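*Asks:* Let me begin by handing over the structure; questions about it come next.
Read-outs: derived from the displayed coordinates by stated rules, not from any lab. We place every Cβ from the backbone using ideal geometry, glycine too, and count neighbours over all the protein chains shown.
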Amino acid sequence: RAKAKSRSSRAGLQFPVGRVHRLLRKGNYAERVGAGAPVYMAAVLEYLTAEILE
DNA sequence: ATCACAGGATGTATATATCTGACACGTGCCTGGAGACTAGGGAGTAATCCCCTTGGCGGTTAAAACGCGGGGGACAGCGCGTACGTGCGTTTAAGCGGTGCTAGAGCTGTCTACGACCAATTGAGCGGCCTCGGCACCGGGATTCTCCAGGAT
């Protein structure tokens with residue numbers, strides 16, 4: 001049994017990834033969401049967040 | 001000097017006849033709509049808890065309302081001159097039609113890596129709690145604005 005590990009850490013991100021994946025698959029955006037979509041998106045939201053805050 | 005009218009010139013709308021290709025209708029599929037069936041999760045209902053909206057009171061205070069005087073902008077009127085509009089004649093390449101080539105859209109069939117799904121485990125994040133520190137406000141002083149008088153242009 002591997003230890004549970006936050007994806008944000010894995011991706012080197014501060015924004016949550018599992019949650020983004022979760023949001024993407026529902027809200028009825030699509031029947032299915034690919035593994036790399038949540039990750040790509042989390043990076044984008046984080047990037048923009050940084051620009052405004054900076 | 002201005003009004004209107006009549007004539008000409010021009011451009012528009014009108015009826016007419018003919019042409020053609022874009023619609024209206026019919027045929028033959030064929031695959032998506034409709035009927036029939038079960039299974040189970042979402043929506044509906046009521047309980048009820050308590051948070052937050054409503055209404056009311058009294059002070060106190062800044063903010064609105066009102067009035068007056070006077071400068072400054074909005075507006076109308078005038079005249080200059082030039083930058084556009086209109087019409088003519090020459091030049092351009094747009095549009096039409098047809099030809100020929102093949103690059104890439106669109107569809108078929110096969111196979112497999114990917115994600116939905118489900119059950120188990122747990123730690124990342126949310127609610128509630130205390131603590132005190134950055135921000136808002138007070139009062140005083142510094143200096144940085146605007147505006148008028150008087151002396152230049």
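*Asks:* Using DSSP to call loops (not H, G, I, E or B), can you name the trypsin sites (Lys or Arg not before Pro) in the stretch A:7-48 whose Cβ has at most 14 other Cβ atoms within 10 angstrom?
*Replies:* Sparse-neighbourhood loop trypsin sites (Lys or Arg not before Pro): A:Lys26, A:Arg32.
*Asks:* Between the DSSP loop rule and a limit of at most 16 other Cβ atoms within 10 Å, which chymotrypsin sites (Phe, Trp or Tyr not before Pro) in chain A are left?
*Replies:* A:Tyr29
*Asks:* So what are the ³J(HN,Hα) numbers for the stretch A:39-54, from phi and the Karplus equation (6.51, -1.76, 1.60; θ = phi - 60°), rounded to whole Hz, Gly and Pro as x?
*Replies:* With the stated coefficients, the stretch A:39-54 comes to 6, 4, 5, 4, 5, 5, 5, 5, 4, 5, 4, 4, 5, 5, 5, 5 Hz.
*Asks:* Can you tell me how chain A classifies by the Cα gyration tensor, rounded, prolate or oblate, using a/c under 1.5 as the rounded cut?
*Replies:* It comes out oblate by the Cα gyration axes.
*Asks:* Testing the spin-label approximation: label points 7 Å from Cα along Cα→Cβ at A:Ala50 and A:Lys5. State their distance in nm.
*Replies:* 2.2
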